[PDB]
Amino acid sequence: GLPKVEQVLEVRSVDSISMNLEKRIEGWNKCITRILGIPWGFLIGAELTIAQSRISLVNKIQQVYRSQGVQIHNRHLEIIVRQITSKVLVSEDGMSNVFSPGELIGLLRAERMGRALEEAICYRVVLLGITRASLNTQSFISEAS
Amino acid sequence: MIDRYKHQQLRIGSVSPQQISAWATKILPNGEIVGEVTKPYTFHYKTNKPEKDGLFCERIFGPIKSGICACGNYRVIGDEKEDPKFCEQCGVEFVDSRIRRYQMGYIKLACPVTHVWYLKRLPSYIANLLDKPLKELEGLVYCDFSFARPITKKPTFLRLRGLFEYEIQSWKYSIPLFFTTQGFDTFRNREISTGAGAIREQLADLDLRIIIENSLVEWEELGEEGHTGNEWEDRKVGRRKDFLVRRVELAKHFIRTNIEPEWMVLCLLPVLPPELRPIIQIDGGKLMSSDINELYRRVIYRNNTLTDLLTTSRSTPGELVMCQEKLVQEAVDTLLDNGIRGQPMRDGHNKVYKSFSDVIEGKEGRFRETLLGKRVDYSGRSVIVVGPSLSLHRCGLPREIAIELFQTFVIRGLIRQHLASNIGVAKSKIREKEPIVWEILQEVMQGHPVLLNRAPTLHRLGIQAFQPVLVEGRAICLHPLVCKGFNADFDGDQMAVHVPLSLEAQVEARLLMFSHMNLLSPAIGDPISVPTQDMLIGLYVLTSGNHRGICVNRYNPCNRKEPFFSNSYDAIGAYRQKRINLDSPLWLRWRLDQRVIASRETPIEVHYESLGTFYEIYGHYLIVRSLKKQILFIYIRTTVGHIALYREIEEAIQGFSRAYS
Amino acid sequence: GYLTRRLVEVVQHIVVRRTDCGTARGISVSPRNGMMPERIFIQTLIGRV
Amino acid sequence: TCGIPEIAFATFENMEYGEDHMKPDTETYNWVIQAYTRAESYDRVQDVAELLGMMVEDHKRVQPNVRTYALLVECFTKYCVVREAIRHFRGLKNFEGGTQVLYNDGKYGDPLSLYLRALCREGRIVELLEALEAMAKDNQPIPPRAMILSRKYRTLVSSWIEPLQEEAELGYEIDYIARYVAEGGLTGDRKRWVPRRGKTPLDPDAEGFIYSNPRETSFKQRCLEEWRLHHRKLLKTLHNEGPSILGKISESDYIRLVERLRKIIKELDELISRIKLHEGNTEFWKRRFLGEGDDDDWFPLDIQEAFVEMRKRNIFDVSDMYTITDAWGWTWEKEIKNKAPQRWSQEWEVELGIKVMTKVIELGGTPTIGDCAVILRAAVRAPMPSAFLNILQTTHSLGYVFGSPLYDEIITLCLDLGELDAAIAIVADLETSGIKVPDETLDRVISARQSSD
RNA sequence: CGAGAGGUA
DNA sequence: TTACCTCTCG
Ligand SMILES: [Mg+2]
């Protein structure tokens with residue numbers, strides 16, 4: 001029912017939505033570093049996390065709706081899911097004039113800078129809940145107040 | 001394409017003491033400055049005139065009645081040709097009472113005070129800049145403790161270089177006696193520190209570029225032997241690790257942002273314009289006077305006590321001043337954000353008082369309550385009723401509601417037709433309910449749409465537009481098929497009506513918000529207006545059918561329907577003349593091409609004759625064919641009900657086509 | 001109502017502003033890769049470029 | 001040229017997501033970078049980096065020109081991210097006429113000057129060497145921004161040396177009153193160094209850097225620092241990919257390498273020499289990706305099998321792996337990354353100081369005597385007799401004469417090490433200069449000559 | 001005007 | 001949760 005949808009959308013715990021998923025994400029991150037280099041490993045790891053997460057979240061909300069006979073199109077859920085899954089977190093090890101240690105930057109941005117800059121940007125995807133997402137935005141006026 | 005470009009921006013920033021002054025300052029014809037309000041008086045004691053230097057003073061905040069000055073004479077505003085902007089007798093500002101809504105005033109404070117928000121947050125902005133223990137900076141602020149080395153900017157002869165120290169027992173009198181009058185003052189200002197003047201001064205002479213340098217180095221050094229110890233320890237190592245990043249960031253912004261760090265402790269204090277705090281006489285309202293006003297007086301008072309205390313008693317010790325410094329700070333705090341420290345700060349009869357932060361916060365906070373939605377004119381409400389005969393584009397509006405909503409439009413009409421001389425003349429005609437008013441109303445609303453909404457507006461379809469038709473009675477009639485979108489039933493539901501005034505608005509409603517244009521729902525594409533209850537019952541009955549075997553004949557048909565009709569019209573006719581019933585089977589000649597939905601079933605019997613004609617009997621049809629293999633006739637077995645639905649769908653298509661032409 | 005208020009806030013700013021972004025990437029839908037009843041396969045695909 | 005960076009981005013956006021006729025060209029990217037670089041109000045550096053990323057992505061269609069390299073160097077320098085600035089410089093140099101562009105008539109903070117000043121503070125003098133040399137090929141004079149510190153000794157030529165912020169010993173004590181009269185005396189302006197509340201940096205040096213000048217480090221300190229990192233990386237490879245290795249003598253060696261590596265920061269030496277990380281090698285990584293080198297749609301759990309899935313579904317592919325080096329086609333870098341550094345030595349410094357002095361001398365610089373004194377003292381610390389002849393020659397060349405005691409002690413050092421011939425040469429030139437050799441040393445020099453004969 | 005209470009759909 | 005209505009009370 002509705003409680004489950006609130007839980008899925010407000011991602012308080014990544015594992016809470018799917019156990020199989022947490023497994024994969026913690027696992028991927030530890031393993032990927034050894035196999036691949038700095039310019040390319042964070043980027044590939046991000047792309048893989050982003051892809052599984054996206055499939056699972058849409059599929060979980062949808063199963064709840066299909067059980068009760070309510071049919072809503074996918075495009076609509078996808079506009080919402082993207083915002084949850086669009087940002088990355090720079091890590092503790094990373095300090096440069098360009099980037100501070102704990103910040104939220106967008107995925108397309110980070111990826112672009114990484115190709116360009118030899119400076120190490122270390123990042124990992126953070127799933128943001130519906131509530132948190134609003135608080136981090138471009139407009140103080142409304143989007144954030 | 002080249003985009004049409006529009007650039008707009010909104011900027012928020014903390015303000016300097018000089019600005020708050022300029023927001024509220026004017027120089028009169030006498031050349032005298034006005035603006036600071038010193039006295040706590042509100043109006044007068046049973047005189048109902050604003051007092052001078054008062055929270056409602058005309059001179060500082062503008063005139064109360066237009067053109068009538070403090071003295072009581074009236075000069076006509078709208079003319080500045082020979083009008084003293086400020087009268088010799090009084091500061092008049094003759095032009096408008098509107099100013100009391102927008103004009104601002106400022107209060108001077110003897111003691112520096114501190115804003116709550118920067119201090120209150122756990123990652124205190126002031127603390128992040130200070131790099132000193134949060135408790136130490138706070139202790140000085142709320143309790144009597146004294147810093148010893150306030151400014152690193154200038155050299156000082158005394159050299160303990162201490163932090164806040166409780167004991168002033170150190171010889172202080174002999175030091176003053178040895179020192180010259182105020183020689184001590186120069187030394188004390190450099191060294192001994194109290195209240196928040198100290199914070200203001202420490203913040204004021206600080207080296208940001210240097211602050212970054214120290215921080216980065218310390219941040220780099222920390223993390224030595226990181227991630228290699230007992231759980232308790234790492235946690236601590238990290239918390240410092242972050243405070244460090246946070247602090248570097250705040251400073252960097254300050255370097256490139258044009259906002260001065262000292263402005264956080266406040267010298268002057270701002271006052272809301274007098275109208276926004278109506279504090280009208282509580283003439284039985286009992287809450288008409290604002291708590292804004294109540295809180296304001298307290299700060300005003302303690303401050304005046306201090307200004308005098310210092311002037312009156314230089315001899316009295318710092319203990320007298322220290323006592324009331326804290327008092328002033330606390331009043332300001334409650335005015336800005338009470339409940340931040342959790343102090344009740346409430347009069348016993350009263351609820352905890354309303355801090356300005358409360359005014360802004362929440363559903364009833366300014367932004368949600370007023371900014372996002374507001375009450376409007378040209379609107380009405382009433383209960384709803386079924387209205388079956390209406391068309392999809394029309395709605396029925398009670399006449400009493402209409403006369404209210406379309407009044408301006410009718411007045412114009414009465415005047416244009418010269419049935420009345422003046423606006424007042426017409427309003428009278430509207431009241432006597434003369435019959436002509438009704439002919440004019442009808443004319444005005446003919447091509448003008450109207451908008452209807454139900455209360456819980458879950459989805460777009462909650463608001464739709466219709467062409468109004470005048471009805472007598474007091475309820476709004478709605479088409480049967482629009483009820484799903486509005487989620488409406490006819491057991492006590494009510495609706496609201498709005499009228500679109502501008503031409504631009506009127507085009508949008510006819511072209512983008514009418515039902516014919518919005519027949520498909522947003523979620524998956526499904527039809528939203530389909531026959532639903534009784535209507536469905538009727539359609540089912542028409543197409544339901546007839547008893548087929550044991551139900552229609554008692555004994556096997558072996559031992560042993562009839563009507564044959566040539567055109568469909570005849571059949572429909574027989575139903576009316578009671579010749580046949582709705583369910584009785586009949587045969588109809590079909591001249592068209594086998595469109596009947598039926599199963600894929602081979603013929604039950606084919607009967608073939610010697611000269612060459614063959615008759616084929618299928619369950620719902622007979623096809624007669626000849627030697628040349630041509631279909632001479634087709635006959636369909638059906639019921640009157642089936643032909644009636646087909647005919648209506650067909651005729652509607654043809655009728656719409658013939659109308660266009 | 002709480003769920004709706006919050007969902008509108010996350011995605012209020014999105015309007016269609018341009019004809020083509022210029023991407024050359026697309027998601028791939030297979031009948032397999034999930035056990036998909038044909039219904040599901042059809043519904044995902046209708047309306048897409 | 002407006003001052004508001006955004007108005008330009010809006011025009012760019014109309015172009016980037018539009019039809020082909022209107023697509024961006026190299027001139028366009030360059031105009032937007034200017035707006036962000038020459039803006040006075042906010043950080044605007046992440047933004048430049050993102051824009052660069054877009055250009056790299058459109059590599060096949062668009063390639064860089066000179067202004068590109070120019071603009072880029074200003075931004076990274078002014079913002080103190082010097083490491084990237086140097087990578088870009090490598091390119092502007094290849095072009096001809098480049099230096100002229102970077103110094104835009106000195107109009108906006110003298111970007112060319114800012115580069116040099118920074119490279120020095122950071123102790124990146126090997127790079128200074130390259131740059132100062134580069135300028136020459138272009139006949140562009142060193143700009144006036146090179147300036148003396150409160151201690152007049154500081155100058156690009158003498159600063160990188162280890163004793164820092166210390167006035168050089170000239171024999172005669174520096175005439176303090178004389179310096180004052182020179183800068184401002186009776187009338188005139190001197191940057192009186194008294195601290196003030198307003199936020200304008202006190203060092204005149206800081207001007208032109210957005211936030212502040214780079215922190216000071218000596219060639220020495222920098223060299224130790226650079227060294228640790230290369231080593232750390234080898235240790236890092238060891239930490240994650242290195243527990244297992246090709247060598248069969250590894251089990252005994254592992255115990256040794258790990259403790260030692262830790263020691264370096266704070267036999268099998270040949271094996272360490274053998275170990276390398278391939279960084280900047282897109283190809284190596286590519287091979288690795290290829291692999292040559294409940295009940296819903298779940299990606300396969302092993303990393304390598306995921307890679308096969310990523311490909312089948314078209315999420316990522318080999319074509320996608322490129323960086324600036326591949327895209328802009330610069331081949332110079334491959335060589336630089338693999339090599340470990342050269343360790344610090346007092347002698348290493350001497351060679352570099354001298355080379356620098358002539359080029360600055362070549363290009364119009366006026367190093368102070370104190371600067372030369374700085375080189376001189378350094379030479380004395382680890383014996384380097386030959387340098388003494390050229391350097392004293394240069395100082396007088398610069399129309400400067402040193403105090404006598406410093407002169408004699410070096411002559412004594414030459415006598416001590418047996419360079420009698422050098423001592424005579426010094427006396428012969430000293431006569432030409434007209435300065436007087438100390439008599440006691442002079443008789444001793446004659447006696448030493450008699451001993452040699 | 002600020003609180004409280006009873007309803008409606 | 002939204003909207004709507006009436007009242008009393010200092
Ligand atoms: Mg109802």
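Below, each value reflects all heavy atoms present in this structure, side chains not excepted, and no hydrogens, waters or symmetry copies. Proteins get letters first, then strands, A, B, ... in listed order; numbering begins at 1 in each.
Summarising the geometry, the separation between CZ on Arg5(C) and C1' on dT2(F) is reported as 10 Å, rounded to the nearest angstrom. Going from atom OH of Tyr2(C) over to atom P of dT2(F) covers 10 Å, rounded to whole Å. Straight-line distance from the CZ atom of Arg368(B) to the P atom of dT1(F): 11 Å, rounded to whole Å. The CZ atom of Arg375(B) sits 10 Å away from the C1' atom of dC4(F) (whole-angstrom rounding). In this structure, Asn293(B) atom CG and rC1(E) atom P are separated by 16 Å, rounded to whole Å. Atom NZ of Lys354(B) is separated from atom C1' of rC1(E) by 13 Å (rounded to the nearest Å). The distance from atom CD1 of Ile463(B) to atom P of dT2(F) is 17 Å, rounded to the nearest whole Å. In this entry the distance linking CD1 of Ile384(B) with P of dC4(F) reads 16 Å, nearest Å.
Side-chain atoms of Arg82(A) and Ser86(A) form no donor-acceptor pair, as typed in the model, at a separation below 3.5 Å.
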Heteroatom pairs (N/O) under 3.5 angstrom, protein to nucleotides 5-9 of chain E:
from   : atom 1 : to        : atom 2 : distance (Å)
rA9(E) : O3'    : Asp493(B) : OD1    : 3.0

Taking distance alone, no hydrogens or angles, what donor-acceptor pairs closer than 3.5 Å link side-chain atoms of residues 129-141 of chain A to residues at least two apart or in another chain?
from      : atom 1 : to        : atom 2 : distance (Å)
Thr131(A) : OG1    : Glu10(A)  : OE1    : 2.8
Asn136(A) : ND2    : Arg132(A) : O      : 3.3
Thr137(A) : OG1    : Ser134(A) : O      : 3.0
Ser139(A) : OG     : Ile141(A) : N      : 3.4
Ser139(A) : OG     : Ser142(A) : N      : 3.4

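Using the six-membered ring where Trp is involved, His115(B) and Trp117(B) have ring planes that are tilted, between 30° and 60° apart. Note: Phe56(B) and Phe43(B) have tilted aromatic rings, judged against thresholds of 30 and 60 degrees for the angle between ring planes. Using cut-offs of 30° and 60° for the angle between ring planes, the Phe466(B) and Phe514(B) rings count as tilted.
Taking the P atom of each, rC1(E) and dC4(F) are spaced 16 Å apart, rounded to whole Å.
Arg6(C) forms a cation-pi arrangement with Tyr2(C), by the criterion of a distance under 6.0 Å to the ring centre and an angle within 45° of the ring axis.
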Quick one: do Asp337(B) and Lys120(B) satisfy salt bridge (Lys or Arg N to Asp or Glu O under 4.0 Å)? Show the steps, please.
CA-CA 10 Å; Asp337(B) 198 353; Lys120(B) 212 54 65 181; over 6 Å; no
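With rounding to the nearest 0.5 angstrom, the CG atom of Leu3(C) is 11.0 Å from the CZ atom of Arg5(C).
Between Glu58(B) and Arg100(B), some side-chain heavy-atom pair lies under the 4.5 Å cut-off.
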Let me check I have this right: for RNA chain E, each base becomes ., (, ), [, ] or |, based on Watson-Crick or G-U pairs with both distances under 3.5 Å. What is the full string?
.||||.||.
